[PDB]
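Here Cβ is always computed from backbone atoms with ideal geometry, including for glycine, and neighbour counts include all displayed protein chains. Taken together, the values in this text are just the output of simple stated rules run on the coordinates, not laboratory data.
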Ligand SMILES: *[C@@H]1O[C@H](CO)[C@@H](O)[C@H](O)[C@H]1NC(C)=O
Ligand SMILES: *[C@@H]1O[C@H](CO)[C@@H](O)[C@H](O)[C@H]1NC(C)=O
Ligand SMILES: *[C@@H]1O[C@H](CO)[C@@H](O)[C@H](O)[C@H]1NC(C)=O
Ligand SMILES: *[C@@H]1O[C@H](CO)[C@@H](O)[C@H](O)[C@H]1NC(C)=O
Ligand SMILES: *[C@@H]1O[C@H](CO)[C@@H](O)[C@H](O)[C@H]1NC(C)=O
Ligand SMILES: *[C@@H]1O[C@H](CO)[C@@H](O)[C@H](O)[C@H]1NC(C)=O
Ligand SMILES: *[C@@H]1O[C@H](CO)[C@@H](O)[C@H](O)[C@H]1NC(C)=O
Ligand SMILES: *[C@@H]1O[C@H](CO)[C@@H](O)[C@H](O)[C@H]1NC(C)=O
Ligand SMILES: *[C@@H]1O[C@H](CO)[C@@H](O)[C@H](O)[C@H]1NC(C)=O
Ligand SMILES: *[C@@H]1O[C@H](CO)[C@@H](O)[C@H](O)[C@H]1NC(C)=O
Ligand SMILES: *[C@@H]1O[C@H](CO)[C@@H](O)[C@H](O)[C@H]1NC(C)=O
Ligand SMILES: *[C@@H]1O[C@H](CO)[C@@H](O)[C@H](O)[C@H]1NC(C)=O
Ligand SMILES: [Ca+2]
Ligand SMILES: [Ca+2]
Ligand SMILES: [Ca+2]
Ligand SMILES: [Ca+2]
Ligand SMILES: [Ca+2]
Ligand SMILES: [Ca+2]
Ligand SMILES: [Ca+2]
Ligand SMILES: [Ca+2]
């Protein structure tokens, strides 16, 4: 049967560690892919990790980074959570350089985008069988979430972008049932920018928090019901969430302009009027990570908070991050559990190698006691191929 | 229960990409077999990839090619679709230097030929148990399809050749039920040549398109029902399909003599009077690939077509190609979906190495939007062992 | 259904060999983790081996041992009994630098401790889902059994320590049902020290034998029922069991002070008034192993035995050891079978390398004929990375 | 349910090839064990390959050959038929330097011998749980079949030897039900020698053909029913079967003395008064292999035969060989199908390396057409470690 998804997030007070795979440390000698943009998604029986490779093994001459990100070699695969991604324990999913995937309670759905920059085509697979395709409508790059899509009562939802990455673009919301596109509307948001949204279900609706890459240092959001009627805005707190960003000060609900261009993919959770914010420690480069709890952050513009918990120290590298949930059909509780993951990037451009890769850690929220520490990557660069 | 196979191919307008394994790029460092003649075949639950190895790993001293193609070391194996063929994730099938395999809805059937050139014997296995054998009837190299066999209502069909490869030969059609040969007739075709046929079922009958290696630059075909009553001919279009071939011009339905003394294994699909033709871009060497749609190509000798879609650019290497289908019991439609695969050869004789190998890509036909691009192999030769 | 565990240990006269994995000999060339503290635990269908890695493969530059034992990289994993632990056949369990795990007849329970030395937090997982946490109550290094926990009628029991490792500490006993902590009491034992206990069920109760690291060369024990009412003492035999230890002489039932101030994790079985003692052959370093049977050892202070059986010679290295049992639901008998395992340490500090690791052997007790021999590790040090 | 085994062998006229794994050719670069004495045994669902390793990978420094054959490192494992034995796809069975195993229709039974030369103890496992042990009764090297044991109606049978290998010894037959020894008698055979027997069931009884290592160049046999009432003799044909052996001449039914004092493990099948003999081509070293059919060979002393089929040429290395069968519950016939396997030894003492290993091929008998060829090993020695 299908995941009902008519429950609310249940209260938490801290986060406990869930997994850590040690990809690069193992990949120094063993056979490990070169990956980027990992993410985690859970069925009603297990949880898996998805990632995007370019066909190259760490510490090999084919890992020379002159291949473009949108190259005809990248693929989407998956391995059980907490394991080093190698060609001997991974499953093939689709051919893509931008992707997402979610499970509706019966079978896996995957979305994968490939093709030239003016004609990219998204291929939708349901249970390993091609079912539908979507073609770019504004002829720039068609890109998608890079994290899990959200399923409620058998239908699964996602958001797509197509247009300039430093100006006004075009935005759409898709509703998918059994691998077939059933309905879609396009957002009417002048002066907003949405990229790489991370969506979660809550009380029968969907909420997504995205990345503003044009003139914003705080984050935008969008929420809609199963009939696609949406609402838009920005997070009104004074604890800015993007990267780069100014210092903490007086926030605002319309785009914040200071240090706005560029960003990193991120997330947040809504609890009434409060908000849990996850952001990097450094205001100019991708270093560190922490979790903040501002009890009036969704609607008030002050810069005062209540609880902070450390995840990675400010001297170590981090990257993308996103959210995922565990349904009651899996965990046996009567509430939706929230979790999240982080990606730790090593290599170019901040270090002197020829490659670039990432590993992951992930946490899940609880109500009992917790502690704050630092769980960095720990690889010792440069490798043999670099010398 | 068994696959009924009493339905027709359903309409398509383009092809979408399905898989890509990146064999050689990974095999530069990891442990990957040296393979040739890959092909794909699907059961009622999954799809697998079959291939022929010589017992050697890539980038090793045993990969030197002083070994004949018909050697006592080659074997047939299989791995899940879209994965690099390695000894740690492959299944053993049979000992052979020429093979084919299909699934009837209950268990796998495999055919494998081994032995000397004047006494080769084909061993038939059903569910991993030897059941029957066929011995050469003209004491010359015995050979078979090199792609999937076609099953309708439980019975499975295949075509075999035995005789000279530059003159008149002897041809047979076999009907197999549960690994036992039930009926066989030999074709009466003077001035025809059939090798490496690729067969698919359509509306309760079988249609095969083969390779003419004696004096033909276009392709022959044969169709028969479940009682083995056949019909023969050539494709009457003016868009020649073999390789090497002359320039496009006025075609014919009897062997085209110009440039017709060698070839490459290929395929085609029939839609009423039209035809989908898949052929290499270069007229003299194995470079490129494309798909053509000639609405009157099965019976008219005119060189005008309607739609072309690119698969690999003319500057990159390609090779064999064939067809396979996905039954309604697997995909849930009311069709018989068509698909195809391509092999990309790297190494001797066109390059300066000591080995030769191939990887694969595959596509499946749809009715929504698609795009044309190039998905080449991408390995950087020569390897370490060559230096 | 759940393991009843209301039966007694059945009589034995000797031990037969059960498994041997050859970790280091294989790891000289292949890809094998660097592990320590292995242990074995059995469900109602199979038996598995758990271990703690630091994220590094054997014979690699990341195996350089300047990483602390309590580091943010260690993880808990498991592989089938008798196999070399490699990243291609292991399952991820939890992130920890101190752990234990047992199976209640329905699903696996794992406990893992991570965090700083003054705030360590234990995360309890039941069937792969986080359920509860325990935080340190005296702000010193928190630590647990390092071997299997004991389950009787669905409930599972374990013992934890928190405080100085050369003085008085604080001790607790926990009762867990379906991953939730239900009851706990703290031991009142002045002048006792308990670390790394190895517990087994017997006739509906629990008995644990632990390691005294403050002033003891013989071992302490504790026994309790399902309502947590405990009894404490020391093993009253004159065959001392710890390491380092004095020569055999007149034993005591309260701490023996001579050569007491250190130890190694060990075990013992109780049979009425007798006892089976497993200890190293050398009295000052970890070399050798043997099994002793003293028919009045649990309550009498003489030093006279009846049977000795050799496991490893005195010239070879050994280490930790512990106990586990096989329930009637698994083995089909009418009695609880006892078994044990041993760890063989190679590398620093007794040898000139840069790493340290261990492999394992294990035995199970029978009633028929047996033999004594030596089954050492057998690796030839130093490795290539050391040169 | 259990294998009934009340059927007779069904008629055959030739042998068809079944599997070939290519162990050494792959092991030149990949990770492959160093094995000896492989054998094949089939359940009611599949067939597996068992072998004895010493803990070392091919092409590694631990593969030196100063370790004795009876060493504390050897183990018994198994992998699916037709695959290269590697630590990433093998199952652990038992710790032994002499072994056998058979399947009764419900679970696997394995026998493994380990220990010193005057106290070796055999450990019997049924479904992975230790059940019984047998200890040496004459304090000399205890040894067993090295191939599959034979099961009829829920009981499984085997033969064991203990005593000198160049003189009179002591012989026993064991009957095992569910891993427990139920009955045993010792053979009364003056002037006979039995080692490494290969047994198969036929019409409700058991027949074994063994190796005479004291003064025999032809082979002995023994047959018994389910109550252990035996009959003894020698094969009365003039086509000698051992190795070394004299030239073909007039045979005898009592020990043949010429060139008798050594041998190699072998097999034979009985058909009324005929016999199928499998022997090496060279009369002094282990080179080649062939199958002979002497229609009166079981009772007559002439040297004339009818059919010969080649398996390996006389210029290539071979070794041990044995027999196994496929029950009607597996194959679906009304027979008991016969098959066999061969081992191909490479390395010391006939070649200049530091190691020794073997790969395998296997054949199964049919009634249709067949061919004779040569399927040798094909590795190119010496390896890198030898240089
Ligand atoms: C939600 O739906 C489920 C199944 O339909 C039902 O059991 C549950 O009580 C509903 N109520 C909530 C939690 O909103
Ligand atoms: C990476 O590629 C550049 C050329 O594009 C080349 O000069 C450089 O040597 C390469 N590095 C390696 C290790 O191949
Ligand atoms: C949920 O799905 C069921 C079955 O399609 C449908 O009847 C129902 O209207 C849907 N809505 C909810 C949330 O009940
Ligand atoms: C094939 O036969 C089956 C069985 O009657 C039928 O259900 C199916 O519709 C037929 N398909 C076609 C399209 O003829
Ligand atoms: C390949 O084989 C040829 C012919 O035997 C030999 O001369 C050459 O050295 C071989 N190359 C390698 C790398 O072994
Ligand atoms: C399919 O085969 C079965 C078995 O021979 C037969 O009974 C059935 O009639 C066949 N169906 C058709 C339409 O031929
Ligand atoms: C253990 O308890 C079960 C019932 O749970 C009972 O049937 C069994 O006989 C008891 N065994 C012993 C040895 O007490
Ligand atoms: C091991 O670590 C020490 C301390 O940093 C370092 O000096 C030494 O060079 C390292 N050895 C190796 C093999 O890396
Ligand atoms: C075992 O536990 C169950 C509760 O799950 C209880 O009902 C039963 O009485 C217990 N058995 C004994 C003998 O304590
Ligand atoms: C073997 O025994 C079974 C009953 O166990 C019987 O049905 C079968 O016919 C017998 N077969 C032969 C060949 O004796
Ligand atoms: C093999 O063993 C011998 C005897 O110890 C030794 O002298 C020789 O060096 C070894 N060879 C290798 C490659 O280790
Ligand atoms: C096979 O064994 C079963 C169990 O002993 C027995 O009942 C049956 O009679 C045996 N069959 C024959 C034919 O011996
Ligand atoms: Ca921004
Ligand atoms: Ca606030
Ligand atoms: Ca041609
Ligand atoms: Ca035309
Ligand atoms: Ca002590
Ligand atoms: Ca005593
Ligand atoms: Ca002899
Ligand atoms: Ca004769």
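For this structure, a couple of remarks:
- Among the residues of D:63-70, the average count of other protein chain beta-carbon atoms within 10 Å of the residue beta-carbon is 1.
- The mean count of C-beta atoms from other chains within 10 Å of the C-beta of residues in D:43-54, rounded to a whole number, is 1.
- Spherically averaged projected area of the stretch C:298-364 from its Cα convex hull (nm²): 7.6
- Residue and distance (whole Å) for the chain C Cβ nearest the axis that superposes C on D: C:88, 4
- Considering only alpha-carbon pairs that sit under 8 angstrom and 6 or more positions apart, the relative contact order computed for chain D is 16 percent.
- For residue C:186, inter-copy separations between label points set 7 Å beyond Cα along the Cβ vector come to 6.7, 6.7, 9.4 nm, shortest first.
- Distances in nm from residue D:229 to the matching label points in the other copies, shortest first (labels 7 Å along Cα to Cβ): 6.5, 6.6, 9.3
- Alpha-carbon spread of chain D, three principal axes, descending order, Å: 53, 46, 45
- With viscosity 1.567 mPa s and temperature 4 °C, the Kirkwood radius over alpha carbon pairs of the stretch A:195-344 converts through Stokes-Einstein to a diffusion coefficient of 82 µm²/s.
- Packing-based ranking of B:267-279, A:324-336 yields B:267-279, A:324-336, ordered from highest to lowest mean Cβ neighbour count within 10 Å.
- Surface/4 of the Cα convex hull for the stretch A:1-131, nm²: 10.7
- Cα gyration tensor, the stretch D:262-351 - rounded (a/c under 1.5), prolate or oblate: oblate
- Mean residue ellipticity (222 nm) of the protein assembly as shown, computed from DSSP H runs ≥ 4 via -39,500 (n - 2.57), nearest 500: -500 deg cm²/dmol
- Equivalent-ellipsoid semi-axes of the stretch D:82-190, from the Cα gyration tensor, Å, largest first: 24, 18, 13
- Average partner coverage of B:27-40, which counts Cβ from other chains inside 10 Å: 3
- Cα centroid separation, the stretch C:193-249 to the stretch B:253-300 (Å): 83
- nm² value of the averaged projected area, convex hull over the Cα atoms of the protein assembly as shown: 55.6
- Each copy carries a label point for residue B:273 at 7 Å from Cα toward Cβ; from one copy, the others' points are 7.6, 7.6, 10.8 nm away, ordered from shortest.
- Debye intensity ratio in log₁₀ form over the Cα atoms of the stretch D:131-231, taken at each q of 0.15 Å⁻¹: -0.58
- Length gained on full extension, residue D:183 to residue D:232, computed as 0.36 nm times the residue gap minus the Cα-Cα distance: 15.7 nm.
- Order by protection proxy (mean Cβ within 10 Å, highest first), peptides D:89-95, B:2-8: D:89-95, B:2-8
- Highest mean packing comes first when the peptides A:213-219, D:164-170 are listed by Cβ atoms within 10 Å, giving A:213-219, D:164-170.
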